[PDB]
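Okay, so here's the structure we're looking at.
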Amino acid sequence: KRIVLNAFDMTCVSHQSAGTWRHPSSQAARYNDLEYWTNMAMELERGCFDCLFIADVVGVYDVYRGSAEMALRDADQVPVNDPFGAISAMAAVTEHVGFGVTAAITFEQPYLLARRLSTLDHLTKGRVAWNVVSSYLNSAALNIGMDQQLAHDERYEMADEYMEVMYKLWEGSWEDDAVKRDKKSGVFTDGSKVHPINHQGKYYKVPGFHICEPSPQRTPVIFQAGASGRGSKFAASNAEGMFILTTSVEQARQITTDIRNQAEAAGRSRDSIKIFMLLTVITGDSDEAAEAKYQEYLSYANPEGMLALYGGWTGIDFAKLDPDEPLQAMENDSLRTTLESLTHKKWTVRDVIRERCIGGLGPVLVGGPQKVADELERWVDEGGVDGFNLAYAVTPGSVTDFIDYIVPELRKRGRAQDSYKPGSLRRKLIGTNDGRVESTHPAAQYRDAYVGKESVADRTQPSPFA
């Protein structure tokens with residue numbers, strides 16, 4: 001069973017690690033240079049990585065110390081550029097790697113997001129994934145605006161209808177044989193095979209038809225973050241790739257068993273969702289070299305940068321806490337228990353935060369090729385995940401080191417591909433032969449669902465000019 005390898009990045013400087021952009025090897029500060037992204041995409045194909053997963057936010061981390069100042073000083077997800085920006089340049093110099101693009105449903109109308117994602121599916125020729133998020137950082141709401149007549153109790157009913165609209169536009173609005181592109185007959189599209197979706201739900205009214213012709217995948221690969229409670233049903237119904245945060249192999253066994261139970265509960269197969277976990281790998285020729293590289297990175301750590309990120313991630317303002325108390329005495333159950341699973345307690349909170357300047361809230365794996373490859377196989381086979389969203393401490397070295405030191409060992413163990421399967425990203429990852437959604441995927445119910453329903457031609461009046 002092949003391990004899926006993804007690079008996790010974001011159009012910003014400090015993503016999952018604080019202060020390590022200061023390292024002489026890091027080009028994190030080039031997030032705003034086109035050459036960083038095109039070099040990254042080409043380097044991913046040298047190692048046959050499946051996908052570049054680009055995160056995004058539109059709010060700032062202003063919880064720690066009550067301001068965004070510490071986040072600005074260590075560039076902790078600010079500044080952040082639009083992750084759609086460099087996709088076409090990266091697709092131009094690559095053939096096979098996919099691009100996961102994060103876009104929130106909170107602020108952008110579905111009709112317009114549908115066109116922006118369809119446009120990327122055209123230009124990349126079927127290599128885009130949509131990471132579906134619901135923005136949560138508070139300054140985004142304040143700076144962009146949210147409609148206050150919407151009950152947040154109903155966010156997932158809202159999110160369901162949002163996706164319904166997207167799936168109708170992408171799958172149902174144009175039939176497969178609408179487009180003719182026929183220079184001799186002069187018919188570009190047959191308007192009797194284009195259909196207004198006539199959507200009118202509780203939250204969205206979209207009467208018209210999609211303004212884009214069918215793209216190679218139609219619906220981009222759906223990526224979603226793992227979630228609990230009500231959000232776990234939303235994720236299990238729609239996700240083709242699910243991005244999870246797990247801190248131990250033991251906890252992963254339950255998370256991935258639960259997700260695949262929820263997939264079946266939604267009418268899908270246990271293997272319909274590919275599960276990717278956050279992981280940071282520091283490696284080298286030996287365990288000793290990997291460890292010295294780890295400590296070298298940590299010497300650049302900015303603990304106040306990781307406290308800004310923690311503040312936004314958990315809501316806890318560490319300026320209210322005590323740096324010298326031991327971890328085991330931390331008040332908050334949820335963070336104390338996750339920090340304890342992440343470290344190997346009697347160390348002060350200060351000592352833990354410094355170590356956590358690499359890895360964020362995800363596990364960190366340090367070792368030479370054997371120890372690293374061993375644990376990667378343990379997460380996949382024992383933990384039940386399908387692969388990894390590999391976060392960086394330094395970039396691009398984190399990806400380059402993985403390719404140089406780990407990929408040859410994974411290939412020798414038969415776990416990593418040494419060439420690409422042809423076709424769309426969905427064909428590569430999910431395996432449908434046409435690169436379209438599985439018939440059990442909720443998008444598939446709009447496929448051909450407007451055949452014989454109202455078309456654009458149905459409204460055409462006579463004309464003396466005809």
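Kindly establish whether residue 217 is over 21 Å from residue 460 (Cα atoms), part of a loop (DSSP other than H, G, I, E, B) and either among the charged types (D, E, K, R) or touching a helix residue (DSSP H, G or I) at 6+ places or on another chain (Cβ under 9 Å) (or both).
Yes; evaluated as a whole, the condition is true for this residue.
Being out of contact with any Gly (no Cβ under 6 Å at 6 or more places or on another chain) and within 26 Å of residue 236 (Cβ to Cβ): is that true of residue 134 here?
Details: out of contact with any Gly (no Cβ under 6 Å at 6 or more places or on another chain): yes; within 26 Å of residue 236 (Cβ to Cβ): yes.
Judged against the criteria, residue 134 is a match.
When you check residue 167 against the structure, is it touching a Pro at 6+ places or on another chain (Cβ under 6 Å), aromatic (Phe, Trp, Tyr) and not in a loop (DSSP other than H, G, I, E, B), yes or no?
Working: touching a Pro at 6+ places or on another chain (Cβ under 6 Å): no; aromatic (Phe, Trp, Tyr): yes; not in a loop (DSSP other than H, G, I, E, B): yes.
Answer is no for this residue.
Look at the stretch 75-115 and say how many of its residues are among the aliphatic types (A, V, I, L, M) and closer than 15 Å to residue 132 by Cβ.
Of the residues in the stretch 75-115, 6 are among the aliphatic types (A, V, I, L, M) and closer than 15 Å to residue 132 by Cβ.
Can you name the residue in the stretch 374-394 that is within 14 Å of residue 6 (Cβ to Cβ) and outside any helix (DSSP H, G or I) and is also nearest to the chain's Cα centre (by Cα) among such residues?
Within the stretch 374-394, the subset within 14 Å of residue 6 (Cβ to Cβ) is 376, 379-380, 385-392.
With outside any helix (DSSP H, G or I) added as a condition, the list becomes 385-392.
Numbers: 385: 15, 386: 15, 387: 13, 388: 11, 389: 9, 390: 11, 391: 12, 392: 15 Å.
Filtering first and then ranking leaves 389.
Tally the residues that are farther than 20 Å from residue 236 by Cβ and in contact with a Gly (Cβ under 6 Å, 6 or more places away or on another chain), restricting the search to the stretch 436-466.
4
Applying the selection to the stretch 108-135, what residues are of a type outside the set (S, T, N, Q), in a helix (DSSP H, G or I) and surrounded by fewer than 18 Cβ atoms within 10 Å (Cβ to Cβ)?
Result: 111, 112, 115, 116, 122, 123.
Inside the stretch 179-215, can you point out the residues that are charged (D, E, K, R) and either under 26 Å from residue 123 (Cβ atoms) or under 35 Å from the mean Cα position of the chain (by Cα) (or both)?
The answer is 180, 181, 182, 183, 190, 193, 202, 205, 213.
Determine if the stretch 242-265 includes at least one residue that is charged (D, E, K, R) and closer than 16 Å to residue 160 by Cα. Can you show your working first?
Here is the first cut: in the stretch 242-265, the residues charged (D, E, K, R) are 250, 253, 258, 260, 264.
Filter again for closer than 16 Å to residue 160 by Cα, leaving none.
Scanning the stretch 242-265 turns up no residue that is charged (D, E, K, R) and closer than 16 Å to residue 160 by Cα.
Among the residues that make up the stretch 252-259, is at least one of them closer than 30 Å to residue 405 by Cβ and either among the basic types (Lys, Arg) or over 21 Å from the mean Cα position of the chain (by Cα) (or both)?
yes
Every residue in the stretch 260-271 that is part of a helix (DSSP H, G or I) and under 16 Å from residue 442 (Cβ atoms), please.
Within the stretch 260-271, the subset part of a helix (DSSP H, G or I) is 260-265.
Result: 262, 263, 264, 265.
On the given criteria, is residue 105 touching a helix residue (DSSP H, G or I) at 6+ places or on another chain (Cβ under 7 Å), crowded, with 21+ Cβ neighbours inside 10 Å, aliphatic (A, V, I, L, M) and at negative phi? Outline the logic, then answer.
Details: touching a helix residue (DSSP H, G or I) at 6+ places or on another chain (Cβ under 7 Å): yes; crowded, with 21+ Cβ neighbours inside 10 Å: no; aliphatic (A, V, I, L, M): yes; at negative phi: yes.
No: the conditions fail for residue 105.
Just name the residue that is surrounded by the most Cβ atoms within 10 Å (Cβ to Cβ) out of those in the stretch 323-360 that are part of a helix (DSSP H, G or I) and among the small types (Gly, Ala, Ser). Give the derivation first.
We begin by selecting, within the stretch 323-360, every residue part of a helix (DSSP H, G or I); these are 327-329, 333-342, 349-356.
In the following step, the residues that additionally are among the small types (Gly, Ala, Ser) were identified as 329, 334, 341.
Values: 329: 10, 334: 9, 341: 14.
Filtering the stretch 323-360 for residues that are part of a helix (DSSP H, G or I) and among the small types (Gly, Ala, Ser), the one surrounded by the most Cβ atoms within 10 Å (Cβ to Cβ) comes out as 341.
When only residues in the stretch 407-451 that are over 23 Å from the mean Cα position of the chain (by Cα) and buried (at least 21 other Cβ atoms within 10 Å of the Cβ) count, which is nearest to residue 374 (Cα to Cα)?
410
Residues to consider are 405, 450; find the one that is farther than 30 Å from residue 285 by Cα, in contact with a helix residue (DSSP H, G or I) (Cβ under 9 Å, 6 or more places away or on another chain) and aromatic (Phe, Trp, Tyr).
Just one listed residue meets the conditions, 450.
Which of the residues belonging to the stretch 434-466 are aromatic (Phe, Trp, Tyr) and outside any loop (DSSP other than H, G, I, E, B)?
446
Of all residues in the stretch 220-254, how many are of a type in the set (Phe, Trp, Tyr), assigned to a strand (DSSP E or B) and in contact with a helix residue (DSSP H, G or I) (Cβ under 9 Å, 6 or more places away or on another chain)?
0
For the stretch 1-95, list the helices (runs of 4 or more DSSP H) that sit wholly inside it and hold at least 2 residues that are in contact with a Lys or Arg (Cβ under 7 Å, 6 or more places away or on another chain), closer than 23 Å to residue 221 by Cβ and of a type in the set (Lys, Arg); which are they? I'd like the intermediate steps shown before the answer.
Working: elements: 34-46, 69-73, 87-92.
Ranges flagged: none.
Report the residue count in the stretch 51-74 for those that are among the acidic types (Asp, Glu) and closer than 16 Å to residue 87 by Cβ.
1
Read-outs: derived from the displayed coordinates by stated rules, not from any lab. Using ideal geometry, Cβ is built from the backbone for each residue, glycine included, and neighbour counts are taken over all protein chains shown.
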